[PDB]
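Below: one protein chain in two forms, given as structure tokens, structure 1 then structure 2.
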Structure 1
């Protein structure tokens, strides 16, 4: 099974026995993709243990995999286990079981359902502000992920259920080389999610929203599973990106102020953000997108090719994991001038047309893109408005400059993001 890419004439790094190419991960998912893009070009292949993975960087082939051929060939991602009852989580569910969940959960983020949330989100921003107001009157450097995550959790627990609260590579490696082991642990009730975190949220907080539109077909224990996915995403993604944004706004203060100028213009007299005002602030949208260009928290996009196929002149055999190196594509000089620099004018209406939506995919594409994309943009933006309407952000003595990325996991920073905060 280690000669497939040799047989198909697809270039790639030479795999070692059993391990595959996993030892190359010693600089992260990303430095590996950025490297292989340079060594081999538009298409290359490698192995996660015994699992062949084909990496593609061709926009047409990309568009083919995620959109044109999704329902037929590329419906599902790489199997993830041990999972337990989380196999039915929408992000993990396969084929027809996924099609049913995606439909039942689609109407949660309609432009009207989000618009219903602008009044309820509007509370914890003031909880957010007042919490940042206490650690700013004091010149104590702030850990931004913690105050954002406290906010992010406050939104996800209420935006979906309605509980108000003031929020104040160990073994997975083995899996890659031992995917044959996954059904082993599937019969041991072993979960990658420690069975004490799930027994907890197995609080069936349902009473006599996201919670609403479910019981309004669907089961109950699988309702738990979906809730975990949303609580996690709505928490960690928002917090993480909010931290990436504040770091970039401080090291680039001209961007931070020019943003502040737009916010106080659209919202005069520190006005309260509403749905329609947020969709008018362009420079805000540009800053968010440019951060997501530099820091796509998903790093990769994956689909299991579920039958033999010839797309865009390349044959692809059943079972191969097709992969899209999002991080590498967002940083490719063959599409971006000086790609390491935080330049939000890449996303201005003058220049926003010179960008392929299959090179820039921070939320995926096709029927299995990020179901929570529009929410995340809205939730984050409301945070950025309220936070920046009051405070500026300077680097501090401990602030990591330049910021190193962590290794594997998600796109997360090595040392936490800590910045000075000043009150306007």
Structure 2
């Protein structure tokens, strides 16, 4: 099969591809293990095939800068398609070129510090809810599963910061607004379906004309009307929906379908991510009680008498920022960043022909011995205000970099910190016998634990 000669011709190393399958059989241990092995075997750049799709992996920090910043608009502007999307075509994370650029413009003022400081009282109320829910699991000394308790917390923060709907998801697990939203899970890009998509990407057109979508047709049909109800109950009679409604009052405003799609993508974006990361952080705190104590002391110092957190007092807390960042290092939940090269180019001395997918293997670089000492260890001091200067922003990329980076970065860090502050103000977290130490990562296509994290939760009362 062809085009399997491309990397050989350019003199670029990589595992030899099978006809039709390319290298996918080498995903049997997951993107992370494949990426490290490749980084190790082949060095600073390499190439492989997702079916017939050539993928060029790069690790030089200069050349990563060019791809994510300098030549973003001109050359490296879109991600690769992945499956049938339906109307979700209009979602900023999926849209391309000038539609993207216009969307990214219309939504930027929504993620500003000013709007985010306005949303904090809402995210705070549900840290309280979280606490009372944790307390009920802690007065009845039963091991807690974090994904479920943080899931319900994440869910809570979303439903409020995007539509004003206010639910106790953990206690109302069967509210229609909680039921649909809980189906918006991260895509397993190595499950039968998406593997098939990589071998038969000519099948994508087929599904499209059949209205078959990787965003389940019914979750989308539920919110599309849920939004047009809210839209016309507020109109006329502080959340993301309002901020978008206010905006459609670049250019060309925001279409009504265009608004529904962004609403959906934020839910999708903020739900399993926030839930997952918080779990990873509580695992590390529970297996490193010194770090947990140190941070608890920091929180009490800024917030004595279990004082509530604020926007300014959150940004005050340096050790908490160190804990969060180091966790995202060990578990960057995206694992890779990816851009489609839209033209023949040469950058930092290397020819890149049109159509290749440039890939940055985040997981692998966050654990590269050549930039991190004992990269497997949990050492928050790597981010102390002393050492935070020796860290290359193109090697540590948990939100990506450049114009197409994670637009929800600020919000996500602030959301996760408000949960951590409130939770640690009230509770300590200890390993159980049934806790999996050391945590093994899932050999699938998601960064998540093989086994869900379970811990003992104790009242500081």
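Here, rigid core means the biggest group of C-alpha atoms that superpose within 1.5 Å across both forms. Residue numbers count along the first chain shown, from 1.
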Subject >> Sole member of 409, 17, 9, 402 with a C-alpha shift of at least 2 Å between structures 1 and 2 (core-superposed) >> reply: 409
**OP:** Please check if residue 130 moves between structures 1 and 2, taking a CA shift of 2 Å or more relative to the superposed core as movement.
**Re:** no
Original post:
Does residue 203 move its CA by 2 angstroms or more between structures 1 and 2 when the core is aligned?
Top reply: yes
Original post:
So if we fit the rigid core, how much does the CA of residue 227 shift between structures 1 and 2, in Å?
Top reply: 1.2
Original post:
In Å, how large is the C-alpha displacement of residue 80 between structures 1 and 2 after the rigid core is aligned?
Top reply: 2.3
Original post:
After superposing on the rigid core, how many Å does the CA of residue 57 move between structures 1 and 2?
Top reply: 0.3
